[PDB]
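Single-structure report; data block below.
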2 protein chains.
Amino acid sequence: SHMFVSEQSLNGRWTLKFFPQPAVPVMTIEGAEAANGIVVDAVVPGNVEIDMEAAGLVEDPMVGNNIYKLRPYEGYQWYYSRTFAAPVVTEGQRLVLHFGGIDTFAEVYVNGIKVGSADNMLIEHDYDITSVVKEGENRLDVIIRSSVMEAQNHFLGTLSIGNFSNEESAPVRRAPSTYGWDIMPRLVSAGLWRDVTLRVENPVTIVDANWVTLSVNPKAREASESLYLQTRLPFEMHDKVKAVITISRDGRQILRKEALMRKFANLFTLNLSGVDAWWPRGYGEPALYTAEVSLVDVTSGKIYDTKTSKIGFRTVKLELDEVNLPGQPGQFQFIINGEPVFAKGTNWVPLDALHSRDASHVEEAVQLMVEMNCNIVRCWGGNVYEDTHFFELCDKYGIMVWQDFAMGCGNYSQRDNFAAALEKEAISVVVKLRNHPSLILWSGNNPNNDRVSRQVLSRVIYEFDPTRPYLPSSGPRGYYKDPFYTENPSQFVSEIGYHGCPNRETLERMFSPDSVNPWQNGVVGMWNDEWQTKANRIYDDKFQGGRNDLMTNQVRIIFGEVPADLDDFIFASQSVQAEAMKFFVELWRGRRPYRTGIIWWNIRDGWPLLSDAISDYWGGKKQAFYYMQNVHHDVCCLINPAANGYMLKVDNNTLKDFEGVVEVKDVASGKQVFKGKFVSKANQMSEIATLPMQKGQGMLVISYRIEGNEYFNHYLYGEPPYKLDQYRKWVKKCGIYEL
Amino acid sequence: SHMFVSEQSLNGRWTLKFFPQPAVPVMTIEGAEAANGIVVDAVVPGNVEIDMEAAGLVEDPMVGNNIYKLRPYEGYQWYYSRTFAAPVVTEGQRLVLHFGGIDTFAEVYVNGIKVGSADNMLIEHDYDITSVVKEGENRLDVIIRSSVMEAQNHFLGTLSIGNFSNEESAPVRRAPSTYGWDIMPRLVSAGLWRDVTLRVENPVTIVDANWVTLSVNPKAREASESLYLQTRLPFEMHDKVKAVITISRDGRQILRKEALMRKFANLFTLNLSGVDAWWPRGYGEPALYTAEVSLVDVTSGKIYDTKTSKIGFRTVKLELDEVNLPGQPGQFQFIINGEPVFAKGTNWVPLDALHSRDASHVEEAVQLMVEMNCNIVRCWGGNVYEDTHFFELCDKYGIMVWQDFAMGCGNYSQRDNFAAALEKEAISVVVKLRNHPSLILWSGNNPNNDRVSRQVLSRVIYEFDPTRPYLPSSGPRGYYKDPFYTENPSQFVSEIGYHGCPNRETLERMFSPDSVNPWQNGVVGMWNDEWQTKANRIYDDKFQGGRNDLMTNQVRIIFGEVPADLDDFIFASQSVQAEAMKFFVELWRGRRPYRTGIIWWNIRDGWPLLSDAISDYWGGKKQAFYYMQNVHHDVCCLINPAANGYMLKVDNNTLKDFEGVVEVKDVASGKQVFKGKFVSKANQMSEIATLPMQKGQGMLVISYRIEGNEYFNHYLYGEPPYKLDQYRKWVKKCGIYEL
């Protein structure tokens, strides 16, 4: 919350005119009105494809092969226009035109006068229009040009060509996945995809309020919190304005500090008592405190500005392991409030290919993580930076955020122009997000002399967020028990996933009626053209095999043969994904304290696709979601393979000790393999017993009770291939998951 | 000396108009004349507060709380104007408008045409006005805006906020102490604070004459000196102009070299015989030689330009100790002409808060160091860079100069705009000062990846002064014999000082009549509001205690109780400061060769204040000045504490051996504790004898004669608290210092 003099939204109906971009891009109002184009109603925030579909000019790109029909619009220009009433501006006040998101290359005009030139999709754009606004009706015009064609204004270095990220993405500041990935369709799009507002500021105003946790003592319920305050302050207001700082929780005032403003920038250090620390899920309460700062006239009591947010008292340290594999990726552990935490969570990918719809998905998507009980989320550099509300929800629910800078699988320019653009982006996003307690790490998402990840980004963190760690960087897909996974040396794995066919409901909504069944002409293993598109084929290339073949290969390994029936194939594919991902999480939790975290890929699709996500774009939870839920508990009893049997363990990702009883039985026959009490020491893995080796194939059920609550888990023993109907019976008689 | 065609001073009477700075700063002549302001006569060089006090508009800021009454003028603009006669400029010549100092942000106009925009207080500003001058009467207008308000044109990084240096100082190039320190009042000020002149240059002119000592052989009386000469030289003058280089001493010509100018830039190497090396005080003579270079027409004999200065033949090396505490601050020793020198001197702080008065203090202030026998001075980065005359005096008197770049206790921007401003400043000051033999070190005055001190400043020294070392960087205040001081591991200490009450004369001139006595309402230890201001309270904050409490605490430790009488308190406070600082110097001299230097804080106040300086702004020498003088001799007999007694030593900071006799007696009783001859080997500490432990408290007198000259020192033995009147008797009967 930032209480300016007034904020007037410019969201709603606009006028949108679009036309093919000429050889010389249109950049003036006169050229845009003279161009031969189509005029339609538009909604802001929005994407131009949404407006075009509303007008009946494009088909639903979510269905079948319709995504490729948007290709011609990548070479189009987009002319937004609307009128607005000028807000009241008194002498000394400033009128700011604020864009939450312009996608991407645009000239902005107010009353026919250019006020800005935008060229970054991922950050806000603010323009002082105090001197160009006129009383009465005003004109706002935004002329966007083709993002794809802008790439040809640049000469690429050798290593920027031929990467998985598109060459078109290398020289521009846009979300790399919009050009197409293996988990996101190619849909470059364009538009005013976040809020557009008009702000009136007083001559006295808060420029930035940077809250920093200097120290925390959770057991003594104390914390030292610093406020780095920067203001605009006319000199006549020096010694005549006071800052009022208020810390409170649930309306109860914790602390109130007033201080005379004698200079524009100040550091205030608050030594607080009776306050609780912020903890991630499992390790404690996500305690948040409302922190408000106001600039108040000492004589009149006039409130010139007020900034309010919810902060959390916590410290973060990235402890790097240089004894075993020094300097390797993943040889670290997060230290929160002085405690070593085991991280378990998901990678965060785009919520929608049409990113103006991201905000409408944020609440339900975060709720998936809350149900999952993730304590961490990695925001993938192929996506846009999420908005403030996403971080407020992570603050509220105790989910740590690992934030990549928006860069994909590729190398980037070492030259001055790209560095200046990235520095501007990094400063903007760091200043915007650095006050959220959930945010715990910045990553360059990147041999060691790369200017971008080792100089530009590290310099911004050095100057603007020294309290947070910065990281320059971070058989296969066969049997999930392959040594490739079970002998992986990484303490902290950040990208691990397994393919899974979506639920039938989602299949019938995605494909044309005749394309719902995957086998073209009935031959199993041969995907039709629509399934090839939904494997995420970036360009319309007619071929056989490729990514989709992963689904059938894993099913063959586990169950011997690919079921011809569709529903049997869904259950088989979803069962393979479920067992694989459950095994990975149980493997890393079971090998603590050497293993320090597992971030799996991924919890939710950003588009109706066939992918390794465990829930789809429309909210359809695959079987893996429920398996994963049972191995993400704060205290979890699980079984790992052992040299001469199985090791029954219990993992504890909390700061408390727990007692309970655990029973292990063979599902098929019912024989009790083990039963006894266990003591789960805090924040550690504990071995309960070594179970004797079972005969042949089968499934063990794990029932344990902790503090009067019943929990369940299972272990599939034996060696594949299994009979699919035998596995179905084992699951059904196990009594945990619906089939 | 630089003999241009002509130099016409613009110093003298100007017209000064001042007014509050509007929200949009005034930057044009029309806006300045239209603004509602006050017009007064002004003197250049000057400060606007001097002109305002001359007009009777401000009270004497040196007295009482008057310093705070200048606060409103920090938000003012200052419009300087005068007329001048155009000097004669023939074809091909250039007319340069030269500013020695503009404080700070100003637009400069000649005849209504902008010729420059200044934004750095600390360096010269030269503008080519050849094309804008008109014959007859010309107009010069300088429009200065508020330095404080300029800081709000910048966004600060986290570590630039909350330091001891003001946030207002972080983004601008001004002397950090002008915003207020603990030893300098807050007095931002403004004005043309150094000379303003008009220079006429020939088409053939000397751009730079860089004298470099390649080698020196003091015993053979030889030296190899390089001249790096850069000129402006029209091509028609190529092969038609000769450089005439002349080295001389006391009018006697040492060497004359003529060389035809065939290109604009040249290196000349002079191999000199019969020349003596330059040495700092004690280690030899500060031999200087006049070095003149002229550009002369080979046919007509016309002298196009002449540059003259006094140079000294010396080499400097900074030997760093990496065996004991490798890389620590102060683990080094200066090597001058191949000889390890022990440095002893003072930190150099502003000579005046109104810096246009600095030049009038330079001679007397340097003379304090000559009387003290300092061989080094550290120019503190909180001050401006001193002008050429200060370095000429240090050249003449053999005082090495350690020069900080003008930065205070704080962190600075890592971004391009600040680096470019600092690079421009560093290049200017390095080129201006690099030819002075007294200058021996550049310091960044600064964890190790700070762009400013580790990249920008080091690059300038690398390119423009590779012959001089560059350094990135450099209980407490209780009993001066606390282990904090006696167990300090630093070989070279650069900031050590002790508080001392100024002489009564200075107290009666500083304070109002009713505020001369420090105890408000008579209660000892409680400072009145005027003494709180003169402790150096930056902002008018009514409080009790703080810095001033240091004075009373040290007096309590040494003498048991704070004297209620003022004169007794002055003697007690000045005696504590005197014994403390004498002990520190004797401690470092007595522990050679491990200890390599001591630079103490400080010899002279820059404002009437209560501080740790040993002499005040008006020249009042505290008792510490005379104590310090007796332990700064070239050869000094002194006493250090020993394990089971006292160690009588003699330190030698020369290259010569000395013989003498020394007598040690207990003052009170008169018993001879020791008497014998000693041999003081050159450039080393020598132990004379271990004296037996004395009983109780008392004072030892040290009388020694060297080459027919009598010298005196003393040692206060026993443990505090002492009786103040007993100490007074000991000093009086000791017969060294007046009370």
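Just so you know, these numbers use all the heavy atoms, side chains as well, and skip hydrogens, waters and symmetry mates. A note on names: the letters A, B, ... follow the listed sequences, proteins ahead of strands, and every chain is numbered from 1.
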Is any side-chain heavy atom of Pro518(A) less than 4.5 Å from a side-chain heavy atom of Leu566(A)?
yes
Evaluate the side-chain proximity of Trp380(A) to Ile183(A): yes if any heavy-atom separation is below 4.5 Å, no if none is.
yes
Donor-acceptor pair between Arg71(A) and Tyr539(A) side chains, under 3.5 angstrom
no
Determine whether the aromatic ring centres of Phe584(A) and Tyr485(A) lie less than 6.0 Å apart.
yes
Would you tell me whether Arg556(A) and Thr552(A) have side-chain atoms, one donor and one acceptor, within less than 3.5 Å of each other?
no
Kindly indicate whether the side chain of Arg589(A), heavy atoms from C-beta on, has any atom under 4.5 Å from the side chain of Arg595(A).
no
Give a yes or no on whether the backbone of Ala406(A) and the side-chain of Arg173(A) come within a donor-acceptor separation of less than 3.5 Å.
yes
Cut-off 3.5 Å, side chains only: do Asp60(A) and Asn66(A) have a donor facing an acceptor?
no
Hey, what do you get for OG (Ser189(A)) to CG (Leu70(A)), rounding to the nearest 0.5 Å?
8.5 Å
State whether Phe625(A) and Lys621(A) meet the cation-pi test: NZ (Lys) or CZ (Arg) under 6.0 Å from the six-membered ring centroid, and within 45° of the perpendicular axis.
yes
With a 3.5 Å cut-off and no angle check, do the side chains of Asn375(A) and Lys344(A) form a donor-acceptor pair?
no
Return the CG to CD distance between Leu187(A) and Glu49(A), rounded to the nearest 0.5 Å.
5.0 Å
For the side chain of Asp51(A) and the backbone of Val43(A), is there at least one donor-acceptor N/O pair under 3.5 Å apart?
yes
Assess whether a salt bridge exists between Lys396(A) and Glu392(A), defined as any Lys/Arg side-chain N lying under 4.0 Å from an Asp/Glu carboxylate O.
no
Can you find a pair of side-chain heavy atoms, one from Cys501(A) and one from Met551(A), that are under 4.5 Å apart?
yes
Any donor-acceptor N/O pair, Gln697(A) side chain to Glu719(A) backbone, under 3.5 Å:
yes
Take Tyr68(A) and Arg186(A), measure what side-chain hydrogen bond (donor to acceptor under 3.5 Å, both in side chains) needs, and give me the verdict at the end.
CA-CA 8 Å; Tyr68(A) 302 130; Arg186(A) 177 174 177 92; over 6 Å; no
Quick check: do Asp41(A) and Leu16(A) have side-chain heavy atoms less than 4.5 Å from each other?
no
Looking at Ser356(A) and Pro45(A), would you say the former's side chain and the latter's main chain have a donor-acceptor pair under 3.5 Å?
no
Pair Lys69(A) + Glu59(A): basic N to acidic O under 4.0 Å
yes
Quick check on the 6.0 Å ring-centre criterion: do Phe164(A) and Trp181(A) meet it?
yes
Please work out whether the ring planes of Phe569(A) and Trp531(A) are parallel, tilted or perpendicular, with thresholds of 30° and 60°.
tilted
Do we see a donor-acceptor contact under 3.5 Å between the side chains of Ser512(A) and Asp514(A)?
no
Can a donor-acceptor pair be found between the side chains of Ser615(A) and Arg604(A) at a distance below 3.5 Å?
no
May I ask you to check whether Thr506(A) and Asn503(A) show a side-chain donor-acceptor distance below 3.5 Å?
no
Does a sphere of radius 6.0 Å around CD in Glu710(A) hold more than 12 heavy atoms from other residues, nucleotides or ligands, not counting ones at 6.0 Å or beyond?
yes
Whether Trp607(A) and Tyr617(A) hold their rings parallel, tilted or perpendicular, with breakpoints at 30° and 60°
tilted
I'd like to check the salt bridge (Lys or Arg N to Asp or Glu O under 4.0 Å) partners of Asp612(A); sequence neighbours left out, ordered by chain and number.
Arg477(A), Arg547(A)
Step-by-step side-chain hydrogen bond (donor to acceptor under 3.5 Å, both in side chains) determination, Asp352(A) to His355(A)
CA-CA 5 Å; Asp352(A) 205 307; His355(A) 281 277; over 6 Å; no
Is the positively charged end of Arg378(A) above the ring of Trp348(A), judged by distance under 6.0 angstrom from the centroid and angle within 45° of the axis?
no
Donor-acceptor pair, side chain of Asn11(A) and main chain of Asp195(A), under 3.5 angstrom
no
Can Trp527(A) and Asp549(A) be counted as having a side-chain donor-acceptor contact under 3.5 angstrom?
yes
With sequence neighbours left out, the residues meeting side-chain hydrogen bond (donor to acceptor under 3.5 Å, both in side chains) with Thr346(A) are none
Indicate whether any N or O donor in one side chain lies under 3.5 Å from an N or O acceptor in the other, for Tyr397(A) and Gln367(A).
yes
Return yes if a side-chain donor-acceptor contact under 3.5 Å exists between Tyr715(A) and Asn640(A), otherwise no.
no
Aromatic contact, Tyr727(A) with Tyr722(A) (centres under 6.0 Å):
no
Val493(A) side chain reached by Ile599(A) side chain, heavy atoms, under 4.5 Å
no
Spell out, as yes or no, whether a donor-acceptor pair under 3.5 Å connects the side chain of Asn347(A) to the backbone of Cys379(A).
no
Starting at CH2 of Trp600(A), measure out to CD1 of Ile614(A) and round the result to the nearest 0.5 Å.
3.5 Å
Taking the six-membered ring of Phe571(A) (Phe, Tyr or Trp), confirm whether the NZ or CZ of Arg728(A) is under 6.0 Å from its centre and within 45° of its axis.
yes
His632(A) side chain to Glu371(A) side chain, donor-acceptor N/O pair below 3.5 angstrom:
no
Check for me whether the distance between the ring centres of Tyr737(A) and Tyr627(A) falls short of 6.0 Å.
yes
Within the 3.5 Å criterion, strictly below it, is a donor on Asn713(A) or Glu586(A) matched to an acceptor on the partner's side chain?
yes
I'd like to know if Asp529(A) pairs up with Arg537(A) as an ion pair, taking the criterion as any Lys NZ or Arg NE/NH1/NH2 lying under 4.0 Å from an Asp or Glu carboxylate oxygen.
yes
Under 3.5 Å, is there a donor-acceptor pair between the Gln532(A) and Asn548(A) side chains?
yes
Got more than 12 heavy atoms from elsewhere within 6.0 Å of NZ, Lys481(A)?
yes
Checking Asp404(A) side chain against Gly381(A) main chain: does a donor-acceptor pair fall under 3.5 Å?
yes
Salt-bridge present (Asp616(A), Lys622(A); N to O < 4.0 Å)
no
Mark yes when over 12 heavy atoms from residues, nucleotides or ligands other than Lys729(A) sit less than 6.0 Å from its NZ; otherwise mark no.
yes
With under 30° as parallel and over 60° as perpendicular, where do the rings of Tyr385(A) and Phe405(A) fit, or are they tilted in between?
perpendicular
